[PDB]
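Read through the structure below, which is laid out as structure tokens, and then see the notes.
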Amino acid sequence: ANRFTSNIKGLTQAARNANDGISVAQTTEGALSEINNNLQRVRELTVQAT
Amino acid sequence: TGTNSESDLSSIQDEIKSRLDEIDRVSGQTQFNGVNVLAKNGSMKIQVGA
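Chain order of the listed sequences is u and F.
Following the deposited numbering, the numbering of the first sequence begins with 51 at its first residue and continues without gaps.
Following the deposited numbering, the numbering of the second sequence begins with 101 at its first residue and continues without gaps.
Take a look at the structure:
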């Protein structure tokens, strides 16, 4: 039972840690989306300029 | 024509040179978007693709 309790607490903490990765990934994805929009507009400007 | 006198040819030539000078003026002054189209041999490249 003591070993089972250790595993329960470890796995709960592991899931809590795992959620942080999703948070970081979503934040970085939003930043990348903004960079993508800027790149798209720059490409349009180059098409207009050439 | 042989019937015309010298003053007639003078008036004709005055009008002819007036119109030739007008042609030269049309060539020089006619400019588009800061480009004198009829003033120098060249080529224009229009981006019609992506």
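Beta carbons: idealized from backbone N, C-alpha and C, even for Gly.
{"Check": "Does any residue of chain F have a CB that is nearer than 8 angstroms to the CB of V97/u?", "Outcome": "yes"}
{"Check": "By the criterion of Cβ-Cβ separation under 7 angstroms, what are the contact partners of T100/u in chain F?", "Outcome": "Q147"}
{"Check": "Distance check for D121/F and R93/u, CA to CA, integer angstroms please.", "Outcome": "47 angstroms"}
{"Check": "List, in chain order, every chain u residue whose beta-carbon is nearer than 8 angstroms to that of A150/F.", "Outcome": "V97"}
{"Check": "In this structure, how does DSSP classify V148/F when only helix, strand and coil are distinguished?", "Outcome": "coil"}
{"Check": "Comparing the CB of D70/u with every heavy atom of the ligand GTP, is any distance shorter than 7 angstroms?", "Outcome": "For the structure depicted, the ligand GTP is absent and the ligand set is empty, with no information on it obtainable."}
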